[PDB]
């Protein structure tokens, strides 16, 4: 029950609506086909597409989607995925479940990821099925393959 502003921006994947309150960025939507949090979001995202050399030098906006408010399994998944899976790497679902404190919760990791409010920022596209299988993507498989090809990964396809 937040009150939020909305920014927009051009991307190699279409136009990207950013939504967020004062306490933090809520969502990042893709359509395609001001305040500090969203100011840092728009900056980071262009750092990602156009100057990825030093993506790690742009700061990560605070996040205030409800999923991050109280503790959950979904929150530990998303928070750990953001902290450890860097640009250029990937992680299997099964191994992300282990990283989030339950090596047998792969199905729950799959579901935790489907409700990610801020793609790329939280790198849900770096979570693959296996060494040779990139898996699905809730943004569309070609997006995932694009993003991984953008990061130079062997499972990318542009």
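Numbering follows the first chain given and starts at 1.
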None, 1 to 3, 4 to 9, or 10 or more: how many residues of the deposited sequence lack coordinates between residue 33 and residue 34?
10 or more
Would 102 to 110 or 45 to 53 have the larger average of its C-alpha temperature factors, as given in the entry?
45 to 53
Give the stretch, out of 5 to 13 and 139 to 147, with the larger mean C-alpha temperature factor in the deposited entry.
5 to 13
Among the candidates 132, 39, 127, 67, give the one with the maximum CA B-factor reported in the record.
39
Ranked against its chain, the third holding the CA B-factor of residue 119:
lowest
